[PDB]
Amino acid sequence: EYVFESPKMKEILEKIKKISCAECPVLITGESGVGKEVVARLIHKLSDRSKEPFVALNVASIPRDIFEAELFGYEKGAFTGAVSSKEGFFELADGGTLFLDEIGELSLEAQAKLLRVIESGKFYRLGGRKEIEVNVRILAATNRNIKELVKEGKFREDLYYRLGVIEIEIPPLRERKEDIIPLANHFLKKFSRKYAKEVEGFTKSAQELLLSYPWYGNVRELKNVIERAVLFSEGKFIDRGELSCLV
DNA sequence: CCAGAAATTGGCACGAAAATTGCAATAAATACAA
Ligand SMILES: Nc1ncnc2c1ncn2[C@@H]1O[C@H](COP(=O)(O)OP(=O)(O)OP(=O)(O)O)[C@@H](O)[C@H]1O
Ligand SMILES: [Mg+2]
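What counts as what
- Residues numbered from 1 in each chain as written, not as in the entry; some residues may be left out.
- Chains lettered and ligands numbered in written order.
- Part of a larger assembly, values for the part shown.
- Heavy atoms only, no water.
- Helix = DSSP H or I, 4+ residues; strand = E, 2+ residues; numbered from the N terminus.
- Buried < 20%, exposed > 50% of the residue type's maximum accessible area, 1.4 Å probe, protein only.
- Contact = heavy atoms within 4.5 Å.
- Areas by Shrake-Rupley, 256 points an atom, 1.4 Å probe, with all protein chains shown as cover.
- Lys, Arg positive; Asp, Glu negative; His and termini not counted.
- Charge placed at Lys NZ, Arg CZ, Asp CG, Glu CD.
- Near = heavy atom within 4 Å.
- Polar contact = N/O pair within 3.5 Å; in protein donor to acceptor, adjacent residues only side chain to side chain.
- 1 Å grid on protein atoms, 1.4 Å probe; cavity = no way out; pocket = protein on both sides within 12 Å on 5 of 7 lines; lining within 4 Å.
- Sits in = over half its atoms within 2 Å of the grid points.
- Nonpolar A, V, L, I, M, F, W, Y, C, P; charged D, E, K, R; others polar.
- Domains from an automatic or database assignment.
- Expected span 1.5 Å × (residues − 1).
- Points joined across faces, edges and corners; volume = space filled by probe spheres on them.
- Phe/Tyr/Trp six-rings, centres within 6.5 Å; stacked < 30°, edge-to-face > 60°.
- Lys NZ or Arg CZ within 6 Å of the ring centre and 35° of its normal.

Chemist: Account for the overall build of chain A, naming residues and giving values.
Modeler: When its secondary structure is counted, chain A shows eleven helices and eleven strands. With the C-alpha coordinates aligned to their principal axes, the bounding extent of chain A is approximately 70 × 35 × 35 Å. The buried share of chain A, reckoned over its 247 residues, is 43%. Taking the contacts inside chain A whose residues are at least 6 apart along the sequence as the reference set, 77% of them involve residues at least 24 apart. As displayed, chain A has an accessible area near 13,800 Å², and 50% of this comes from carbon and sulfur atoms. Across chain A, the 40 positively charged side chains and the 40 negatively charged ones have centroids separated by 1 Å.

Chemist: Summarise the protein's contact with DNA strand B; cite the residues concerned and give the values.
Modeler: Around DNA strand B sit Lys76, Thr80 and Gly81, and that is every residue in its neighbourhood. The contact in question runs from a phosphate oxygen of DNA strand B to an N or O atom on the side chain of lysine 76, over 2.7 Å.

Chemist: Lay out the site of ligand 1 in plain terms, naming residues and giving numbers.
Modeler: Taken together, 17 residues lie near ligand 1, and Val3, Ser32, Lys36, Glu37 and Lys223 sit nearest. Contacts to ligand 1 include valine 3, whose backbone N or O atom sits 2.8 Å from a nitrogen atom. A distance of 3.0 Å separates an oxygen atom of ligand 1 from a polar atom in the side chain of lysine 36. For ligand 1, the protein covers 82% of the area, taking 650 Å² as the surface of the free molecule. Here ligand 1 occupies the largest pocket. Of all the secondary-structure elements, those providing two or more residues to the shell around ligand 1 are α2 (36-45), α8 (180-195) and α10 (218-231). Residue composition of the shell around ligand 1, by class: seven nonpolar, five polar and five charged. Viewed by domain, the shell around ligand 1 spans two of them, domain 1 (1-173) and domain 2 (174-247), each represented by three or more residues.

Chemist: Can you break down helix α5 (residues 108-120) residue by residue, with the values?
Modeler: With 13 residues, α5 should reach 18 Å at 1.5 Å per residue; the first-to-last C-alpha distance of 18 Å fits that figure. Among all positions in α5, only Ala110, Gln111, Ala112, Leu114, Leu115, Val117 and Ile118 are buried. Buried residues in α5 make contact with α3 (67-72), α4 (89-92), β5 (97-101), β6 (122-123), β8 (137-142) and α7 (157-163).

Chemist: So what about the layout of surface pockets? Which residues, and what values?
Modeler: Size it by volume and the largest pocket reaches roughly 640 Å³. Lining the largest pocket we find 28 residues, and of these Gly33, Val34, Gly35, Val38 and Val219 sit closest to its centre. Elements with a minimum of two residues in the lining of the largest pocket: α2, β5, α8 and α10. Of the residues belonging to the lining of the largest pocket, the class tally is twelve nonpolar, five polar and eleven charged. There are two domains that each give the lining of the largest pocket at least three residues, and those are domain 1 (1-173) and domain 2 (174-247). Its boundaries defined by the atoms lining it, the second largest pocket holds a volume of some 240 Å³. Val117, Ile118, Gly121, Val136 and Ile138 are, among the 14 residues lining the second largest pocket, the residues nearest its centre. Those elements that place two or more of their residues in the lining of the second largest pocket are α5 and β8. If you tally residues by element for the lining of the second largest pocket, the top one is α5, at three residues. Classifying every residue of the lining of the second largest pocket gives eight nonpolar, three polar and three charged.

Chemist: Break down the environment of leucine 126 for me, citing the residues and quoting the values.
Modeler: Assignment of secondary structure puts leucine 126 in the loop between β6 and β7 (132-133). By relative accessible area, which is 38% here, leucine 126 ends up partly exposed. Put simply, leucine 126 and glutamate 68 are 58 residues apart on the chain and 7.5 Å apart in space, counted from C-alpha to C-alpha.

Chemist: Mind laying out the packing of aromatic side chains, listing which residues take part and the relevant values?
Modeler: This model, assessed by the stated rule, comprises eight aromatic pairs. Centroid distance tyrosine 213 to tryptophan 215: 5.0 Å. Interplanar angle 85°. Geometry classified as edge-to-face. Classification of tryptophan 215 by relative accessible area gives buried; the value is 1%. Ring pairing ties together the aromatic residues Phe72, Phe90 and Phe123, which thus form one cluster. When the ring centre of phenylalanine 191 is taken as reference, the NZ or CZ atom of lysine 190 above it lies at 5.5 Å.

Interpretation note: all reported values are geometric properties and have no functional meaning in isolation.
Here you go:
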């Protein structure tokens, strides 16, 4: 279960409901730990293809020298040492969703190779002759400022225009103050059962302290703080002093 | 008989198709050691 109790978050949820049945690539931008993975999996879940694979990938974990071999696949005998034919991630997520986390780590050649497939919709194996057609829905998430990347000369402008048809910008947690308290009480329970420590809630002073801290890690930092508070406590209530050192 | 007209020939051209040549080292089945 997730928490959406802020007007901006509710509007984003309505946008997700409207868009989840479309057939266009989605780009999710935001700060660190805002919930981009949550938004991507919520888009996939509320979809007509929710019973299909959701291939999540990190583009920085794929070496350049074999990049196009991983994404598209190769045939037997394509290169020395190719024991047997193998498929790519595009065919693996055929009929489902392909999620690319931190899309800003791509190189220019990889960007062009991805743009060709996103435009045409069909590709070829590394050592193949027939042409493969796929039905992959592409979601891409990043935390960089993509406009500054394209202005500097690091991200292809046409690729950004192709991907940036729909923009979902999750606001920072510091602009979601009315969402801070329901989140903390959500985490405090989850760890309390997990670590078997007994605790009920936060005192008024601790709740006042929570709303004043300008979170830089957004939801993940709040989760870490709540986990530390649960671990380093034994009483039924968390007070100002327990969180004062953490903050 | 003659001069104009018609027929013959082969050199050059042009697009296409066929033949020739450069490349030089791997892949898989099999037997043996822990
Ligand atoms: N509404 C929510 N309710 C509960 N937990 C949430 C909610 N939104 C986000 N989280 C939690 O926030 C954590 C970090 O979020 P997420 O995985 O989406 O990060 P991210 O935005 O992709 O981060 P990064 O930009 O650093 O890659 C997750 O563990 C997730 O459970
Ligand atoms: Mg992420």
